[PDB]
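Novice: Following this message is one structure expressed as C-alpha cells.
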Amino acid sequence: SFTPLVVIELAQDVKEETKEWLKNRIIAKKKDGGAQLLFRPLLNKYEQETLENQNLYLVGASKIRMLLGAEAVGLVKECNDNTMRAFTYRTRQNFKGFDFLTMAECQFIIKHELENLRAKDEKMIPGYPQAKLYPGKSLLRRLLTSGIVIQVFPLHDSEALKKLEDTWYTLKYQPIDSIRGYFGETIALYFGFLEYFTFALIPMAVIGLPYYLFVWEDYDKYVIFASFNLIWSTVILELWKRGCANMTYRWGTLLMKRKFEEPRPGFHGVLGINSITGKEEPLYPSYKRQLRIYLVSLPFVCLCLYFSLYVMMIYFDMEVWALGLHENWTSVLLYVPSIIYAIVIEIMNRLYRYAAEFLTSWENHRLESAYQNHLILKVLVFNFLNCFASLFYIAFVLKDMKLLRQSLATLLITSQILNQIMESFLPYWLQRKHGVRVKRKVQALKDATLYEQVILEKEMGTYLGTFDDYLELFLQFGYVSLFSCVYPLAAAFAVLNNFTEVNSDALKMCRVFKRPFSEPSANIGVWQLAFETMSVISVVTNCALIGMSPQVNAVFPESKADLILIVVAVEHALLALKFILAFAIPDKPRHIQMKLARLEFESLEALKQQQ
Amino acid sequence: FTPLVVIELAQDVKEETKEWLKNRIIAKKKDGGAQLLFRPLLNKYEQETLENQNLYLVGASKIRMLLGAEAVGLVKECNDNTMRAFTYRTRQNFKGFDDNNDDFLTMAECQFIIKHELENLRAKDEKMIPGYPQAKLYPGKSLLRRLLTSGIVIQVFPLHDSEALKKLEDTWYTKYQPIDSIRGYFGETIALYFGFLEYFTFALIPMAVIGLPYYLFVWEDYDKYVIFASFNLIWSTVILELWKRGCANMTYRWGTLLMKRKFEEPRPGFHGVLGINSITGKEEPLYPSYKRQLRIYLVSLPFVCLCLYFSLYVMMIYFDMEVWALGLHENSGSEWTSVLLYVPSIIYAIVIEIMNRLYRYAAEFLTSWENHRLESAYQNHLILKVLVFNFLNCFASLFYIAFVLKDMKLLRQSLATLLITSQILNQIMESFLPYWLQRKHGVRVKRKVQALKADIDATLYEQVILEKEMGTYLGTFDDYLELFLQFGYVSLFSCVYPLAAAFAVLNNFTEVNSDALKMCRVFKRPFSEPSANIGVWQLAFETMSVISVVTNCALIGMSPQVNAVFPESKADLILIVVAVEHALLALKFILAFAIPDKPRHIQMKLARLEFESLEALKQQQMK
Ligand SMILES: [Ca+2]
Ligand SMILES: [Ca+2]
Ligand SMILES: [Ca+2]
Ligand SMILES: [Ca+2]
Ligand SMILES: [Ca+2]
Ligand SMILES: [Ca+2]
C-alpha cells in the first residue's frame with residue numbers, strides 16, 4: 001500500500017453505490033475525467049474483523065503523479081542557475097532540490113485535484129437523487145453540501161512536527177522556513193509577520209516607557225512622540241512589504257501567477273471554455289457578482305455598522321442610568337452595563353460572521369483568494385467598529401482620558417491574558433485529555449498506529465484561518481498607533497503579549513488543531529490595506545488628541561477656531577508627507593525587482609520564439 | 001529609394017565627417033551601425049542650390065523596415081484578431097500583411113524606426129568625430145547625440161506626406177474627430193492629445209449645462225452650492241476614471257498598450273560606461289541609479305523649491321503693486337488714473353512670461369543633466385518640474401484673492417480674464433499668427449524654386465527647404481497644460497465662477513481646429529512616439545481633483561450663508577467642514593478604486609496574453 005497523506009470521512013450510512021463511484025473518480029486517469037490519485041480504506045479486510053472502518057478513507061499518489069500535479073498547481077522552485085522558475089516534469093533535472101516536494105505541498109496538490117473533480121454526465125450523486133449534479137459542478141463541493149462527505153483533511157507527520165516543535169517554542173529567531181515546510185506559505189507568513197511586528201513594536205515600547213515612568217505630559221514631549229509614531233507607522237508597514245517580498249521570492253510563491261489558477265470548489269456556473277486559460281470550467285458573469293456585492297452585501301454591512309453604533313449608544317446610555325442609581329449593592333451595579341455590552345458584542349460578532357460567510361459564498365467568487373479578501377474585509381470593518389467606536393466615543397465625545405486609559409488597560413492586560421487561556425491553553429488541556437483517552441482505548445484492543453492517528457486528528461479541532469490571529473495584531477496596532485499619547489505603555493504590553501503569543505499560537509497549531517491545508521500566499525492579503533488605513537486614521541487621532549490637550553488650549557483661550565485651523569493644517573501636511581514617504585520607499589528590494597524584471601523580459605522573448 | 005527622414009549638417013562640415021557619417025548609416029548592423037540608405041538632397045547643383053548642399057535624405061529596404069519594426073517591438077493585429085509584437089519570421093500571421101505590399105507599416109512608423117536606429121548609432125573605436133578633435137568620443141557614446149551637441153548635425157526630422165496630410169485635413173477641421181487617422185500620420189502621442197482634447201470637451205459639457213442656470217438665475221444659496229460642489233467632486237473622479245478606460249480601449253486597438261516600453265533601448269542623451277545590461281543583456285551605456293537620484297533630490301529638487309519660493313515672492317510684489325496703483329487712483333482724481341490700474345497686471349504677466357521661458361531652459365538642462373535612461377522618464381520628470389512652476393504662477397495669485405483677500409468679485413474678474421481674453425490671445429499666438437507667418441514663408445520658397453530653371457524636378461527640393469526652416473513641435477506639454485489649467489479653474493472655482501466650464505467648452509470647440517492647423521500647416525512633421533497613456537498628466541489631473549475637495553469645502557465654509565448659521569461658534573463650523581472634507585476625500589478614493597482603470601474585455605485580452613507568455617516560457621525552458 002501507499003503513504004497516506006489526506007483523509008476523507010464519509011457520513012454514518014453512505015451507500016456502496018456512492019462509495020465505489022467516489023473511489024472510481026479519485027483513481028481513474030485525468031484523460032477519462034477525475035484525479036489520477038490512489039484510494040484505500042483506513043482499515044484492511046483483515047483488521048476490519050475487529051476495528052470496523054467508520055467510513056474513513058486514505059488518499060495518496062505516485063511519485064511521478066505528484067510531480068505532474070506540482071506542475072499543474074504551478075509550484076515555483078529554484079533552478080541550478082539560482083533562478084526561480086515554475087516546475088515542469090520535462091525540466092525536472094534543471095531544479096536545484098532534485099524528498100523534493102514537502103508533505104504540505106503534496107497534500108495541497110491532492111486537495112487541489114479533489115476540488116477540481118467535476119461532474120461529467122452525472123445528473124445526481126449515485127444513490128442520492130436529492131444531491132443533484134450538472135456538467136461542471138465540483139463533486140467535492142456537492143458531497144460536502146449534501147453531507148455525504150463529512151470532512152477532507154491532511155494528516156500530521158508526528159516525527160516532523162516534533163522536530164519543528166523543539167526549534168519553535170523556546171532563545172533565538174523563529175524558524176519561518178521550517179514552519180513553511182510543514183504548515184505552508186499562509187501560516188508561515190503569519191508567524192513571519194508576528195515575529196516582525198513584535199520587533200517593530202520594540203522602538204515604540206522603549207520610547208513610550210519613560211513617558212509613563214516620569215509622567216511626561218508636555219506639548220514638546222507629546223509632539224515628539226506623536227511625530228515618531230506617524231513616521232514609525234509608515235516605515236514599519238513599508239519595511240514589511242520589502243521583507244515579505246524577499247521571503248516569498250525565496251519560497252517561490254511571489255513568482256506564482258495565482259490569477260490564472262483553477263476556481264474554488266464553491267464556485268458555480270455554466271460549464272464552458274475560459275477565454276484566458278482555455279480550460280473547460282464553470283463560467284459566471286462578473287456583473288451578477290458585482291450587483292450582489294454593491295446592492296445586497298454592501299447595504300447589509302452598512303446596516304450592521306449602523307446597528308453597532310446604535311447598540312454602543314445604548315451602553316453609554318446604560319452607564320448613565322447605572323451612575324445615577326449609584327449616586328442615589330450600587331458598586332456591583334456599576335460593572336453590570338459593561339458585562340451586558342461585552343456579551344451583546346460576542347452575540348453580534350458570532351451572528352455577523354455567519355451572515356458574512358453566507359453572503360461572500362453567495363457573491364460567488366471564482367478564486368479562494370478573492371473569497372478570503374472579501375470575507376476578511378466584511379468581518380474586519382464590523383470587528384474594528386465594535387472595538388474602537390466605544391474607544392473613540394470616550395476619547396473625543398466624552399473626552400475622558402482617565403476612562404480611556406482604564407479601557408485600554410483592560411484590553412491590553414486582562415483581555416489579552418483571558419484570550420490566551422481561551423485561544424490555546426484551555427483547548428490544549430482538553431485535547432491532551434482526549435489524546436490519553438484514545439491512546440488507552442487502542443492499548444486495550446490486543447497494528448492500529450495509523451488508526452489511532454486518524455481517529456485522534458479526525459475529532460481534532462479544525463483551524464478556521466489566520467483571520468482571528470492577524471486581527472489580534474491589527475487591534476494591537478490600533479491601540480498603539482492611535483492612543484499611544486494617552487496610554488504610553490500600549491506598545492510595552494503589546495510586545496509582552498506577543499512574546500507569549502508566538503509560543504501559544506505554535507502550541508495551538510501543533511497540539512490543538514488538526515493539520516490545516518497549505519495555501520501558497522505571496523503576501524498578508526487585504527491585511528496590508530487594513531494596517532495602512534489604521535496608520536492613516538492615526539494621523540487624525542494624534543492631531544486631535546494633541547489639539548484637545550489643555551496645554552495647547554492654554555495658548556488659545558478665546559480663539560478656538562484658529563487652534564483647529566492650525567491642527568487641520570498640520571494634519572494635512574503630515575498626511576501628504578506620510579503618502580510621499582510610503583511612495584519613496586519601494587515595496588520590493590532592488591535585487592528582487594531585477595530578478596522579477598529579467599524573468600518578465602524572458603517571458604516576452606519566449607513568446608516571440610514560440611509564435 | 002523613397003526619402004523619409006532628412007539630416008541637416010552645419011554650413012561647412014568636412015568631407016571626412018560626411019563620408020564617416022554616410023558609412024555608419026549605410027554599413028550592416030553586424031559591423032556596427034544602422035543598415036539604412038543614405039543619399040544627398042541633390043546630385044546636381046546650381047548657383048542658388050550650392051547654399052543648400054549639406055542636406056541628406058535617409059530611407060531603408062522593405063525587409064530592413066520590417067526587421068527594424070521587430071527591433072522597436074511594434075504590436076500589430078494577427079489573423080486570430082490577437083495583438084502581438086511583430087517578428088519577420090512570423091510576418092505572415094499578421095493581418096493585412098503581403099510580401100509584395102508595402103502598405104503594412106505607416107510612414108510615421110517607418111520614420112520612427114529610422115530615428116530609433118540613428119539614435120542607437122554608438123561609437124566603437126573612434127576617440128573623436130573624424131575631422132573635429134574637439135568633439136571627442138568614447139565606446140558606447142551615441143553618435144547622433146555628439147553630432148547634435150558639437151553642432152555638426154543641426155537637425156534630424158521626418159518628411160511630410162503632402163497628399164496624405166491634405167486627405168486627413170479635410171476629415172479633421174469641419175462630427176467626431178478622426179483619432180485613428182491622426183495616429184496613422186502623427187503617431188500615438190499626438191493622437192492621444194487630440195483623443196484627450198475631444199474627451200475632455202465632452203466631459204466638461206455636463207458641468208457647462210449644470211453651471212449655466214447658476215449664473216443666469218444667480219443661485220447663491222447653501223443647498224444650491226452644496227448640490228453643485230457635490231456634483232463637481234463626483235464629476236472630477238468619474239471623468240478621470242472613464243478616461244483611463246477609454247484610453248485603454250484605444251491604445252489596445254493601436255497595440256501600444258501591449259508594448260513593454262521599460263525594456264526599450266536608452267535615449268541618445270543617456271551617457272555611461274559601455275557594459276552588459278543585467279535585464280536585456282544588450283551592450284549599452286551603464287549609469288549608477290544612486291548618482292541620478294542624488295542629482296534629483298539634492299540639486300534639482302532644492303532648485304525647483306527656490307524657483308517656487310521666488311514665484312511667491314514676485315506674486316507678493318504684484319499684490320503690493322496693486323496697492324500702490326489703487327492709492328494713486330484714489331488719492332488723485334482724473335482719467336489718467338484708470339489707465340494706471342491696468343499697468344501692474346500688464347507688468348506681472350510680462351514678468352511671468354520672462355520667468356516661464358527662463359525656468360524652462362533651467363528645467364530642460366537639469367532633466368538632461370539628471371541623466372535619465374528612457375525618453376519616457378526624461379519627459380515625465382521634465383513635465384513635473386515645469387508643471388509645478390506653471391501651476392503655482394497661475395493659481396498662487398488666484399488662491400491669494402480667494403482665501404487671503406477673500407474677494408470673490410476680484411476672483412470672478414481674474415477668472416473671466418483667464419477664460420475669455422487670455423484664451424482668445426492664446427489662440428492668436430499659438431496657431432493663427434504662426435500660420436500667417438508660415439504661409440508668407442511658403443510663397444517666398446515657391447517663388448525661389450520657380451526662379452531656378454533646372455534640368456531636374458525640384459518638387460522634393462521645395463518640400464525639404466520649406467519643412468527644414470519650419471517650426472519644430474516642442475511637444476504636447478503646452479497643449480495639455482491648457483486643458484490642465486482649464487480643469488483647474490472648473491473643478492476648483494466653479495462655485496465662484498459658474499460659467500468656467502461654459503467658456504472652457506467654447507475655447508475647446510475652436511482649440512481642436514486651431515491645434516489641427518498648427519500640426520498640419522505650421523510645424524514640420526514631429527517624430528512619432530508610441531505612447532500608451534497621457535503619462536504623468538494623469539497624476540497631475542488627479543492631484544487637481546484632490547485639491548478641488550479642499551477648495552470647494554473651504555469656499556462653502558467661508559460663504560456668509562453658512563457663517564449666518566454659526567455667528568459665535570466658528571470652531572464648530574470648521575470642525576463640521578473638515579469632517580465633511582475628510583468624508584468626501586475618503587469617498588473620492590473609494591469611487592476611484594471601485595471604477596476599474598481598464599474595461600473587462602481589455603483586461604481579459606491582456607490576461608490571455610500574460611498566460612500565453614508563461615506557457616511559452618515553460619515550453620522554451622523545456623526546448
Ligand atoms: Ca492571544
Ligand atoms: Ca493568535
Ligand atoms: Ca512603497
Ligand atoms: Ca489655444
Ligand atoms: Ca493647444
Ligand atoms: Ca480606478
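Ligands are numbered from 1 in the order shown, chains are lettered A, B, ... in the order of the C-alpha cells, and residues start at 1 in each chain.
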Distance cut-off 10 Å, counting only C-alpha atoms - which residues of chain B neighbour chain A? Return them as a ChimeraX atom specification.
Specialist: /B:70,84-87,89-90,93,260,262-263,278-281,569-575,578,582,600-601,603-623
Novice: If you count only C-alpha atoms, which residues fall within 7 Å of region 472-484 of chain A, apart from same-chain ones fewer than 5 positions away, as a PyMOL selection string?
Specialist: chain A and resi 229+233+490-491+494+531+534-535+538+541-542
Novice: Could those residues be written to a file, using C-alpha atoms, as a JSON list (two decimals), in the first residue's frame?
Specialist:
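Dumped everything to again24.json:
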[["chain", "number", "residue", "atom", "x", "y", "z"],
["A", 229, "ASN", "CA", 4.61, 57.37, 15.96],
["A", 233, "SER", "CA", 3.61, 53.51, 11.32],
["A", 490, "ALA", "CA", 0.35, 50.40, 24.83],
["A", 491, "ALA", "CA", 3.37, 49.08, 22.85],
["A", 494, "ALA", "CA", 1.71, 44.56, 23.08],
["A", 531, "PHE", "CA", -3.00, 48.16, 8.60],
["A", 534, "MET", "CA", -5.09, 52.27, 10.58],
["A", 535, "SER", "CA", -1.84, 54.30, 10.09],
["A", 538, "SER", "CA", -3.62, 57.52, 13.48],
["A", 541, "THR", "CA", -6.30, 60.65, 16.12],
["A", 542, "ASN", "CA", -2.85, 62.00, 17.23]]
Novice: Mind checking which residues fall within 12 Å of residue 102 (chain A), counting only C-alpha atoms, ignoring those fewer than 3 positions away in the same chain, and posting them as a PDB file with C-alpha atoms, in the first residue's frame?
Specialist:
ATOM      1  CA  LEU A   5      -1.467  11.896   3.078  1.00  0.00           C
ATOM      2  CA  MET A  66       2.875  14.117  -7.541  1.00  0.00           C
ATOM      3  CA  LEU A  67       5.445  15.838  -9.814  1.00  0.00           C
ATOM      4  CA  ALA A  70       3.152  20.050  -8.859  1.00  0.00           C
ATOM      5  CA  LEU A  75       4.921  25.392  -7.889  1.00  0.00           C
ATOM      6  CA  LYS A  77      11.295  26.091  -7.302  1.00  0.00           C
ATOM      7  CA  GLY A  97      16.411  20.472  -4.973  1.00  0.00           C
ATOM      8  CA  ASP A  99      12.437  14.485  -0.775  1.00  0.00           C
ATOM      9  CA  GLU A 105       2.966  20.645  -0.886  1.00  0.00           C
ATOM     10  CA  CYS A 106       1.898  17.012  -1.611  1.00  0.00           C
ATOM     11  CA  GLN A 107      -1.324  17.346   0.472  1.00  0.00           C
ATOM     12  CA  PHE A 108      -2.104  20.728  -1.238  1.00  0.00           C
ATOM     13  CA  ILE A 109      -1.806  19.103  -4.727  1.00  0.00           C
ATOM     14  CA  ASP A 157       3.662  13.950  10.325  1.00  0.00           C
ATOM     15  CA  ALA A 160       8.436  16.015  11.549  1.00  0.00           C
ATOM     16  CA  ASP A 177      11.338  28.332   6.628  1.00  0.00           C
ATOM     17  CA  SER A 178      10.644  25.230   8.824  1.00  0.00           C
ATOM     18  CA  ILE A 179       7.025  26.446   9.573  1.00  0.00           C
ATOM     19  CA  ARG A 180       6.621  26.955   5.747  1.00  0.00           C
ATOM     20  CA  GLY A 181       7.756  23.384   5.064  1.00  0.00           C
ATOM     21  CA  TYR A 182       5.181  21.887   7.457  1.00  0.00           C
ATOM     22  CA  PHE A 183       2.141  24.258   7.505  1.00  0.00           C
ATOM     23  CA  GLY A 184       2.528  26.266   4.283  1.00  0.00           C
ATOM     24  CA  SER A 518      -1.418  24.751   2.923  1.00  0.00           C
TER      25      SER A 518
END
Novice: 6 Å from ligand 1 is the threshold here; counting only C-alpha atoms and all ligand atoms, which polymer residues fall inside it? Answer as a list in words.
Specialist: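 The neighbouring residues of ligand 1 are, in order, residues 416, 419, 420 and 501 of chain A.
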Novice: Those same residues - N, CA and C atoms - I'd like them written as a short mmCIF file (atom, residue, chain, number, x, y, z; two decimals), in the first residue's frame.
Specialist:
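Just written: again.cif:
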data_model
loop_
_atom_site.label_atom_id
_atom_site.label_comp_id
_atom_site.auth_asym_id
_atom_site.auth_seq_id
_atom_site.Cartn_x
_atom_site.Cartn_y
_atom_site.Cartn_z
N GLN A 416 -6.19 40.27 27.10
CA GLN A 416 -5.15 39.50 26.41
C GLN A 416 -4.75 38.24 27.19
N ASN A 419 -7.72 35.89 26.71
CA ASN A 419 -7.69 35.48 25.31
C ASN A 419 -6.77 34.29 25.12
N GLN A 420 -5.55 34.33 25.70
CA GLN A 420 -4.54 33.26 25.60
C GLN A 420 -5.02 31.95 26.21
N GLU A 501 2.56 35.00 22.65
CA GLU A 501 1.67 34.73 21.51
C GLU A 501 2.32 33.77 20.51
#
Novice: Would you pick out the contacts of region 506-508 of chain B at 10 Å or less, using only C-alpha atoms, so that residues sharing its chain but fewer than 6 positions from it are not included, and give the list as a PDB file with C-alpha atoms, in the first residue's frame?
Specialist:
ATOM      1  CA  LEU B 197      -8.978  67.025 -26.047  1.00  0.00           C
ATOM      2  CA  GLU B 198     -12.143  65.587 -27.702  1.00  0.00           C
ATOM      3  CA  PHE B 200     -12.302  66.479 -22.038  1.00  0.00           C
ATOM      4  CA  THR B 201     -14.527  68.816 -24.174  1.00  0.00           C
ATOM      5  CA  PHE B 202     -17.405  66.254 -23.919  1.00  0.00           C
ATOM      6  CA  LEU B 204     -16.902  69.442 -19.482  1.00  0.00           C
ATOM      7  CA  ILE B 205     -20.384  69.622 -21.206  1.00  0.00           C
ATOM      8  CA  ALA B 208     -21.240  73.682 -18.530  1.00  0.00           C
ATOM      9  CA  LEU B 419     -11.087  82.118 -19.556  1.00  0.00           C
ATOM     10  CA  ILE B 420     -12.051  84.800 -22.163  1.00  0.00           C
ATOM     11  CA  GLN B 423      -7.715  82.247 -24.279  1.00  0.00           C
ATOM     12  CA  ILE B 424      -8.515  84.484 -27.356  1.00  0.00           C
ATOM     13  CA  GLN B 427      -5.166  81.093 -29.950  1.00  0.00           C
ATOM     14  CA  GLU B 482      -4.059  74.496 -21.470  1.00  0.00           C
ATOM     15  CA  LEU B 483      -6.589  71.733 -20.584  1.00  0.00           C
ATOM     16  CA  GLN B 486      -8.928  74.688 -17.698  1.00  0.00           C
ATOM     17  CA  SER B 514      -6.621  75.675 -34.067  1.00  0.00           C
ATOM     18  CA  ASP B 515      -4.313  72.815 -32.927  1.00  0.00           C
TER      19      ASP B 515
END
Novice: Write down as a ChimeraX atom specification the residues belonging to region 121-348 of chain B that are assigned strand (DSSP E) by DSSP computed on the backbone.
Specialist: /B:128-129,132-136,153-158,273-276,283-286
Novice: Counting only C-alpha atoms and all ligand atoms, name the residues that have an atom within 12 Å of an atom of ligand 5; the answer should be given as a PDB file with N, CA and C atoms, in the first residue's frame.
Specialist:
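So the final result, stored in out.pdb, reads:
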ATOM      1  N   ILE B 190       0.596  62.289 -30.347  1.00  0.00           N
ATOM      2  CA  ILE B 190      -0.179  63.412 -30.888  1.00  0.00           C
ATOM      3  C   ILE B 190      -1.669  63.025 -30.962  1.00  0.00           C
ATOM      4  N   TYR B 193      -3.319  63.151 -27.546  1.00  0.00           N
ATOM      5  CA  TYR B 193      -3.675  64.502 -27.121  1.00  0.00           C
ATOM      6  C   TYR B 193      -5.034  64.894 -27.701  1.00  0.00           C
ATOM      7  N   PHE B 194      -5.221  64.731 -29.029  1.00  0.00           N
ATOM      8  CA  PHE B 194      -6.476  65.065 -29.704  1.00  0.00           C
ATOM      9  C   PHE B 194      -7.613  64.159 -29.228  1.00  0.00           C
ATOM     10  N   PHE B 196      -7.717  63.003 -26.054  1.00  0.00           N
ATOM     11  CA  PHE B 196      -7.989  63.539 -24.720  1.00  0.00           C
ATOM     12  C   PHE B 196      -8.729  64.867 -24.818  1.00  0.00           C
ATOM     13  N   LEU B 197      -8.358  65.723 -25.797  1.00  0.00           N
ATOM     14  CA  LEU B 197      -8.978  67.025 -26.047  1.00  0.00           C
ATOM     15  C   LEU B 197     -10.460  66.831 -26.358  1.00  0.00           C
ATOM     16  N   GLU B 198     -10.777  65.916 -27.301  1.00  0.00           N
ATOM     17  CA  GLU B 198     -12.143  65.587 -27.702  1.00  0.00           C
ATOM     18  C   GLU B 198     -12.943  65.040 -26.509  1.00  0.00           C
ATOM     19  N   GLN B 423      -7.532  83.381 -23.366  1.00  0.00           N
ATOM     20  CA  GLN B 423      -7.715  82.247 -24.279  1.00  0.00           C
ATOM     21  C   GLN B 423      -7.836  82.701 -25.741  1.00  0.00           C
ATOM     22  N   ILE B 424      -8.398  83.912 -26.002  1.00  0.00           N
ATOM     23  CA  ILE B 424      -8.515  84.484 -27.356  1.00  0.00           C
ATOM     24  C   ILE B 424      -7.106  84.841 -27.853  1.00  0.00           C
ATOM     25  N   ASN B 426      -4.272  83.684 -26.665  1.00  0.00           N
ATOM     26  CA  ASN B 426      -3.516  82.431 -26.724  1.00  0.00           C
ATOM     27  C   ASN B 426      -3.651  81.786 -28.102  1.00  0.00           C
ATOM     28  N   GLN B 427      -4.883  81.699 -28.644  1.00  0.00           N
ATOM     29  CA  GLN B 427      -5.166  81.093 -29.950  1.00  0.00           C
ATOM     30  C   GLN B 427      -4.480  81.837 -31.094  1.00  0.00           C
ATOM     31  N   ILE B 428      -4.381  83.180 -30.995  1.00  0.00           N
ATOM     32  CA  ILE B 428      -3.717  84.032 -31.988  1.00  0.00           C
ATOM     33  C   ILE B 428      -2.209  83.722 -31.967  1.00  0.00           C
ATOM     34  N   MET B 429      -1.598  83.688 -30.772  1.00  0.00           N
ATOM     35  CA  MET B 429      -0.171  83.413 -30.590  1.00  0.00           C
ATOM     36  C   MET B 429       0.203  81.958 -30.884  1.00  0.00           C
ATOM     37  N   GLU B 430      -0.704  81.007 -30.578  1.00  0.00           N
ATOM     38  CA  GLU B 430      -0.490  79.566 -30.718  1.00  0.00           C
ATOM     39  C   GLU B 430      -0.490  79.093 -32.170  1.00  0.00           C
ATOM     40  N   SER B 431      -1.507  79.476 -32.977  1.00  0.00           N
ATOM     41  CA  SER B 431      -1.590  78.970 -34.346  1.00  0.00           C
ATOM     42  C   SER B 431      -1.921  80.011 -35.418  1.00  0.00           C
ATOM     43  N   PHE B 432      -2.872  80.933 -35.162  1.00  0.00           N
ATOM     44  CA  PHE B 432      -3.329  81.915 -36.151  1.00  0.00           C
ATOM     45  C   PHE B 432      -2.205  82.838 -36.658  1.00  0.00           C
ATOM     46  N   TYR B 473       7.993  71.216 -33.522  1.00  0.00           N
ATOM     47  CA  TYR B 473       6.988  70.975 -32.491  1.00  0.00           C
ATOM     48  C   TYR B 473       7.708  70.501 -31.236  1.00  0.00           C
ATOM     49  N   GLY B 475       6.517  69.667 -28.233  1.00  0.00           N
ATOM     50  CA  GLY B 475       5.866  68.575 -27.523  1.00  0.00           C
ATOM     51  C   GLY B 475       4.451  68.902 -27.103  1.00  0.00           C
ATOM     52  N   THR B 476       3.731  67.884 -26.616  1.00  0.00           N
ATOM     53  CA  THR B 476       2.333  68.002 -26.197  1.00  0.00           C
ATOM     54  C   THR B 476       2.136  68.740 -24.857  1.00  0.00           C
ATOM     55  N   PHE B 477       3.229  69.103 -24.145  1.00  0.00           N
ATOM     56  CA  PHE B 477       3.161  69.772 -22.842  1.00  0.00           C
ATOM     57  C   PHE B 477       2.277  71.035 -22.856  1.00  0.00           C
ATOM     58  N   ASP B 478       2.614  72.041 -23.690  1.00  0.00           N
ATOM     59  CA  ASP B 478       1.899  73.324 -23.780  1.00  0.00           C
ATOM     60  C   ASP B 478       0.414  73.138 -24.099  1.00  0.00           C
ATOM     61  N   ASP B 479       0.102  72.116 -24.916  1.00  0.00           N
ATOM     62  CA  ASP B 479      -1.241  71.763 -25.355  1.00  0.00           C
ATOM     63  C   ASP B 479      -2.057  71.159 -24.206  1.00  0.00           C
ATOM     64  N   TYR B 480      -1.471  70.196 -23.455  1.00  0.00           N
ATOM     65  CA  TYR B 480      -2.107  69.544 -22.302  1.00  0.00           C
ATOM     66  C   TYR B 480      -2.279  70.515 -21.138  1.00  0.00           C
ATOM     67  N   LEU B 481      -1.268  71.390 -20.903  1.00  0.00           N
ATOM     68  CA  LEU B 481      -1.254  72.401 -19.837  1.00  0.00           C
ATOM     69  C   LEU B 481      -2.480  73.313 -19.944  1.00  0.00           C
ATOM     70  N   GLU B 482      -2.878  73.680 -21.183  1.00  0.00           N
ATOM     71  CA  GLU B 482      -4.059  74.496 -21.470  1.00  0.00           C
ATOM     72  C   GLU B 482      -5.312  73.854 -20.862  1.00  0.00           C
ATOM     73  N   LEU B 483      -5.472  72.535 -21.079  1.00  0.00           N
ATOM     74  CA  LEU B 483      -6.589  71.733 -20.584  1.00  0.00           C
ATOM     75  C   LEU B 483      -6.462  71.466 -19.082  1.00  0.00           C
ATOM     76  N   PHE B 484      -5.216  71.376 -18.559  1.00  0.00           N
ATOM     77  CA  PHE B 484      -4.947  71.176 -17.131  1.00  0.00           C
ATOM     78  C   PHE B 484      -5.383  72.409 -16.346  1.00  0.00           C
ATOM     79  N   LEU B 485      -5.004  73.611 -16.842  1.00  0.00           N
ATOM     80  CA  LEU B 485      -5.362  74.899 -16.243  1.00  0.00           C
ATOM     81  C   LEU B 485      -6.869  75.098 -16.340  1.00  0.00           C
ATOM     82  N   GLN B 486      -7.482  74.658 -17.470  1.00  0.00           N
ATOM     83  CA  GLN B 486      -8.928  74.688 -17.698  1.00  0.00           C
ATOM     84  C   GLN B 486      -9.622  73.874 -16.615  1.00  0.00           C
ATOM     85  N   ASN B 507     -13.886  77.428 -25.896  1.00  0.00           N
ATOM     86  CA  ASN B 507     -12.498  77.539 -26.352  1.00  0.00           C
ATOM     87  C   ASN B 507     -12.054  76.241 -27.006  1.00  0.00           C
ATOM     88  N   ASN B 508     -12.402  75.098 -26.385  1.00  0.00           N
ATOM     89  CA  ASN B 508     -12.065  73.759 -26.857  1.00  0.00           C
ATOM     90  C   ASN B 508     -12.750  73.426 -28.193  1.00  0.00           C
ATOM     91  N   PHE B 509     -13.877  74.107 -28.513  1.00  0.00           N
ATOM     92  CA  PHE B 509     -14.598  73.938 -29.778  1.00  0.00           C
ATOM     93  C   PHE B 509     -13.778  74.478 -30.949  1.00  0.00           C
ATOM     94  N   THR B 510     -12.930  75.491 -30.681  1.00  0.00           N
ATOM     95  CA  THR B 510     -12.040  76.113 -31.664  1.00  0.00           C
ATOM     96  C   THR B 510     -10.612  75.578 -31.506  1.00  0.00           C
ATOM     97  N   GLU B 511     -10.252  75.087 -30.290  1.00  0.00           N
ATOM     98  CA  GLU B 511      -8.932  74.538 -29.953  1.00  0.00           C
ATOM     99  C   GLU B 511      -8.599  73.345 -30.841  1.00  0.00           C
ATOM    100  N   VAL B 512      -9.601  72.488 -31.134  1.00  0.00           N
ATOM    101  CA  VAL B 512      -9.472  71.307 -31.994  1.00  0.00           C
ATOM    102  C   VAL B 512      -9.032  71.733 -33.414  1.00  0.00           C
ATOM    103  N   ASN B 513      -9.675  72.766 -33.989  1.00  0.00           N
ATOM    104  CA  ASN B 513      -9.375  73.285 -35.329  1.00  0.00           C
ATOM    105  C   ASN B 513      -8.073  74.088 -35.331  1.00  0.00           C
ATOM    106  N   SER B 514      -7.816  74.850 -34.243  1.00  0.00           N
ATOM    107  CA  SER B 514      -6.621  75.675 -34.067  1.00  0.00           C
ATOM    108  C   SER B 514      -5.370  74.806 -33.939  1.00  0.00           C
ATOM    109  N   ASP B 515      -5.431  73.739 -33.116  1.00  0.00           N
ATOM    110  CA  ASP B 515      -4.313  72.815 -32.927  1.00  0.00           C
ATOM    111  C   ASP B 515      -4.126  71.902 -34.142  1.00  0.00           C
ATOM    112  N   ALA B 516      -5.197  71.666 -34.936  1.00  0.00           N
ATOM    113  CA  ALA B 516      -5.109  70.851 -36.151  1.00  0.00           C
ATOM    114  C   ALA B 516      -4.334  71.614 -37.229  1.00  0.00           C
ATOM    115  N   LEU B 517      -4.632  72.923 -37.396  1.00  0.00           N
ATOM    116  CA  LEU B 517      -3.975  73.844 -38.336  1.00  0.00           C
ATOM    117  C   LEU B 517      -2.491  74.002 -37.972  1.00  0.00           C
ATOM    118  N   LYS B 518      -2.222  74.022 -36.659  1.00  0.00           N
ATOM    119  CA  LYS B 518      -0.923  74.136 -36.003  1.00  0.00           C
ATOM    120  C   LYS B 518      -0.035  72.937 -36.357  1.00  0.00           C
ATOM    121  N   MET B 519      -0.609  71.720 -36.305  1.00  0.00           N
ATOM    122  CA  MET B 519       0.089  70.464 -36.576  1.00  0.00           C
ATOM    123  C   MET B 519       0.230  70.173 -38.067  1.00  0.00           C
TER     124      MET B 519
END
Novice: When the cut-off is 9 Å and you count only C-alpha atoms and all ligand atoms, which residues lie near ligand 2, shown as a list in words?
Specialist: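 Those residues are residues 419, 420, 423, 424, 466, 467, 468, 469, 470, 471, 472, 473, 498, 501, 502, 504, 505 and 508 of chain A.
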